[PDB]
A.B. asks: 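Pasting in a structure now, in structure tokens, and then I'll have a few things to ask.
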Protein chains: 2
Amino acid sequence: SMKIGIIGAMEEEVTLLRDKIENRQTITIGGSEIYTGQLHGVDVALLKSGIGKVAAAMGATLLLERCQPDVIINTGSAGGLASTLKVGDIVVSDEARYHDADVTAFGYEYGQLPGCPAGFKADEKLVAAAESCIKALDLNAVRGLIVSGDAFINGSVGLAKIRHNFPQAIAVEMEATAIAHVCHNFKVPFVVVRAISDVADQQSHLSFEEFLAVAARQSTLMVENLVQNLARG
Amino acid sequence: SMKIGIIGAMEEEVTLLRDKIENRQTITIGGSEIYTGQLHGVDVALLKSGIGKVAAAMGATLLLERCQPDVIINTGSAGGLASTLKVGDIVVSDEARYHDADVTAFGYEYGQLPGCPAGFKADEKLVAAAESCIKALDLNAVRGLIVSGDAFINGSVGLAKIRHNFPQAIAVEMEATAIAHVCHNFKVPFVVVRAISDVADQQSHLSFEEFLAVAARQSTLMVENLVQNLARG
Ligand SMILES: Nc1ncnc2[nH]cnc12
């Protein structure tokens, strides 16, 4: 049996998935929460990480360490940067880069940190399974580079800087690249499957308030089907 | 009765300290090596931190989670922000904050992340202990605020920002706050100590490779005295 680990940051991003877990058990390790059980017959371990890179890092580390899932899906909300994107649309990582790391003085690519690739690559089979679920579920989706940082992007210079440095980035958020970095170090396959809550302009906080519940529902639909698809056929 | 976790940025320090551990055992998890044993009769756990907040968090989490130390001592080198500091001063954190965290869109203080304090407070008796230890080595201990972030800040165009957003900040590097965050999450008292390698343009006498030779020796002795004085009571 495959065990699938699922990571979302916020209670609202995790609460629908957690309600669907059977035989559900809760583990606190300081003080992040991991819910274990079966989701549609598939062993899962669901982490609520909290917000940002170190919260994500510490939780992903405790998840891999304690529960030893075979695979990691990171779910939740994100700020759309691709032009097509509308609120509720799915984004799937083909890769993940930090938008706020810079050791370019020592020869690395912008966004790259030592001992890491410049971008972390999402596992191909997990990408293809997510795309299978997108098409089966008839969702609007875009596959691409997700960028992460300890900043909620809200227009102005913050946003401009990310579009200048990462013109191919499709979505921006605060945990995925930290999760991808942990999984590089543990050699565990990852994918991010998130939904758009805002478009990272100077209304993004208002949009996020308005549409976070839609982002959560849409990313939960994908994930709960993706765990079935991965764990069987 | 005590177990003391030691996390060092400077490789030569971690080396010298490892070589002093009795009944040493080594573990590898997630590409981190943790050494455990007795230093001068005290149960320790030892780890060299990686570069940036995720790598450091990961390392910290695995130390704290596997070895359950009573306290964290976190060592390294930093850049000086206060024009009043001298290359060779040792900063002892009273507080750590992120210089590159921005959730101000939702009203948080700059550098603050949701669910966290705006700064992570160093433990007062470990600060005091670290200070005595520094002064007894004939070294100059300066207490205050350390900021960290995943951009290397030497020069720039940049460094204000840092002083603009954090007057009060006296030192900057890339891991401290991340280690401070994890310790706060596990409720483990910490102290962050940092040898000052350069001060903002008091441009500069000894190369970093030469600074590090001396710093890593002074810091090694500092750590073995601090471990003893904390054990003693
Ligand atoms: N605009 C935004 N910036 C960063 N993380 C986000 N998650 C959702 N919307 C976001």
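A note on names: the letters A, B, ... follow the listed sequences, proteins ahead of strands, and every chain is numbered from 1. We use all heavy atoms of the structure for the numbers below, so side chains are in, but hydrogens, waters and symmetry mates are not.
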A.B. asks: The test is side chain to side chain contact (heavy atoms under 4.5 Å, CB included); show your working for A:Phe152 and A:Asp198 and say whether it passes.
C.D. replies: CA-CA 11 Å; A:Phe152 194 90; A:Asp198 59 278; 4.3 Å; yes
A.B. asks: For a quick test of reading the model, state the closest non-hydrogen atom pair linking A:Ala122 to A:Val127 and the distance between them.
C.D. replies: CB-CG2, 4.0 Å
A.B. asks: Hey, does the side chain of B:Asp100 reach the backbone of B:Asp150 with a donor-acceptor pair shorter than 3.5 angstrom?
C.D. replies: yes
A.B. asks: Please give me the minimum heavy-atom distance between A:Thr177 and A:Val147, naming the atom from each residue.
C.D. replies: OG1-C, 4.3 Å
A.B. asks: So do the side chains of B:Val142 and B:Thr84 get within less than 4.5 Å of each other, counting heavy atoms only?
C.D. replies: no
A.B. asks: Looking only at atom types and distance, does a side-chain atom of B:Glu12 sit under 3.5 Å from a main-chain N or O of B:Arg217, one as donor and one as acceptor?
C.D. replies: no
A.B. asks: Salt bridge or not between B:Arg194 and B:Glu175? Use side-chain N to carboxylate O under 4.0 Å.
C.D. replies: no
A.B. asks: Taking all atoms of both residues into account, what is the closest heavy-atom pair of B:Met10 and B:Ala216, and its distance?
C.D. replies: SD-N, 3.9 Å
A.B. asks: Would you compute the distance between atom OG of A:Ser93 and atom CD of A:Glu173 and round it to the nearest 0.5 angstrom?
C.D. replies: 9.5 Å
A.B. asks: side-chain contact (heavy atoms from CB on, under 4.5 Å) with A:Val191: which of A:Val223, A:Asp94, A:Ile73, A:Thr75?
C.D. replies: A:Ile73
A.B. asks: Do the non-hydrogen side-chain atoms of B:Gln112 and B:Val103 ever get within less than 4.5 Å of each other?
C.D. replies: no
A.B. asks: How long is the span from the CG atom in B:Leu137 to the CG atom in B:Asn225, to the nearest 0.5 Å?
C.D. replies: 6.0 Å
A.B. asks: For side chain to side chain contact (heavy atoms under 4.5 Å, CB included), just list the numbers for A:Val14 and A:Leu47, CA-CA rounded to whole Å, side-chain angles, deciding distance to a tenth of an Å, and then say yes or no.
C.D. replies: CA-CA 8 Å; A:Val14 153; A:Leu47 168 68; over 6 Å; no
A.B. asks: Taking the side chain from B:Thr61 and the backbone from B:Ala57, do they hold a donor-acceptor pair closer than 3.5 Å?
C.D. replies: yes
A.B. asks: Is there side-chain contact between B:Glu65 and B:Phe186, with heavy atoms separated by less than 4.5 Å?
C.D. replies: yes
A.B. asks: I would like to know whether B:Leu126 and B:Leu230 meet side chain to side chain contact (heavy atoms under 4.5 Å, CB included); could you show each step before the answer?
C.D. replies: CA-CA 8 Å; B:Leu126 299 177; B:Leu230 289 178; 3.6 Å; yes
A.B. asks: Where does the angle between the aromatic ring planes of B:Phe120 and B:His181 fall among parallel (under 30°), tilted (30 to 60°) and perpendicular (over 60°)?
C.D. replies: parallel
A.B. asks: Between B:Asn23 (side chain) and B:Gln38 (backbone), is there a donor-acceptor pair under 3.5 Å?
C.D. replies: no
A.B. asks: Are more than 12 heavy atoms, taken from residues, nucleotides or ligands other than B:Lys161, located less than 6.0 Å from that residue's NZ atom?
C.D. replies: no
A.B. asks: Kindly say whether B:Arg232 contributes a backbone atom to a donor-acceptor pair with the side chain of B:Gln228 at under 3.5 angstrom?
C.D. replies: no
A.B. asks: How long is the straight-line distance from CD1 of B:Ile134 back to CG of B:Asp89, given to the nearest 0.5 Å?
C.D. replies: 10.0 Å
A.B. asks: Any side-chain heavy atom of B:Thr36 within less than 4.5 Å of one from B:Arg66?
C.D. replies: no
A.B. asks: Checking A:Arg97 side chain against A:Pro117 main chain: does a donor-acceptor pair fall under 3.5 Å?
C.D. replies: no
A.B. asks: Using a distance-only test with no angle check, is there a side-chain donor-acceptor pair under 3.5 angstrom linking A:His205 and A:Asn154?
C.D. replies: yes
A.B. asks: With a 3.5 Å distance limit and no angle check, can you tell me whether B:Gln202 reaches the backbone of B:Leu85 through a side-chain donor-acceptor pair?
C.D. replies: yes
A.B. asks: Taking all atoms of both residues into account, what is the closest heavy-atom pair of B:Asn74 and B:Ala176, and its distance?
C.D. replies: ND2-CA, 4.1 Å
A.B. asks: Is it the case that the side chain of B:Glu210 and the backbone of B:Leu206 share a donor-acceptor pair, with hydrogens and angles ignored and the cut-off at 3.5 Å?
C.D. replies: no
A.B. asks: Are B:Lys3 and B:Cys67 packed together at the side-chain level, in the sense that at least one heavy-atom pair is separated by less than 4.5 angstrom?
C.D. replies: yes
A.B. asks: Could you check if a side-chain atom of A:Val172 sits within less than 4.5 angstrom of a side-chain atom of A:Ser148, using non-hydrogen atoms only?
C.D. replies: no
A.B. asks: Specify the closest pair of heavy atoms between B:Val91 and B:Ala171, including all atoms of both residues, with the distance to one decimal.
C.D. replies: CG1-CB, 4.4 Å
A.B. asks: Of all the heavy-atom pairs spanning A:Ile7 and A:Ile179, show the shortest one and how long it is.
C.D. replies: CG2-CD1, 3.7 Å
A.B. asks: Would you confirm whether B:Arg143, through its side chain, and B:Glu131, through its main-chain N or O, come within 3.5 Å as a donor-acceptor pair?
C.D. replies: no
A.B. asks: Once rounded to the nearest 0.5 Å, what's the spacing between atom CD1 of B:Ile21 and atom CG of B:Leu46?
C.D. replies: 5.0 Å
A.B. asks: Please examine the side chains of B:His40 and B:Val227, heavy atoms only from C-beta on, and report whether any two atoms are closer than 4.5 Å.
C.D. replies: no
A.B. asks: Is it true that atom NZ of B:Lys125 has more than 12 heavy atoms of other residues, nucleotides or ligands lying nearer than 6.0 Å?
C.D. replies: yes
A.B. asks: Can you see whether B:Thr15 engages B:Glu11 through a side-chain donor-acceptor pair at a distance of less than 3.5 angstrom?
C.D. replies: yes
A.B. asks: Between A:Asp102 (side chain only) and A:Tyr110 (backbone N and O only), is there a donor and an acceptor less than 3.5 Å apart?
C.D. replies: no
A.B. asks: Would you check if B:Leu81 and B:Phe166 make a side-chain contact, meaning some heavy-atom pair closer than 4.5 Å?
C.D. replies: no
A.B. asks: When rounded to the nearest 0.5 angstrom, what is the spacing between CD1 in A:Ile34 and CG in A:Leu63?
C.D. replies: 5.0 Å
A.B. asks: Would you compute the distance between atom CG of B:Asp138 and atom CD of B:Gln218 and round it to the nearest 0.5 angstrom?
C.D. replies: 8.5 Å
A.B. asks: Report the C-alpha distance between B:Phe208 and B:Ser77 in whole Å, list the side-chain angles of each, state the deciding distance to 0.1 Å, and finish with yes or no for side chain to side chain contact (heavy atoms under 4.5 Å, CB included).
C.D. replies: CA-CA 10 Å; B:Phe208 193 55; B:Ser77 69; 3.8 Å; yes
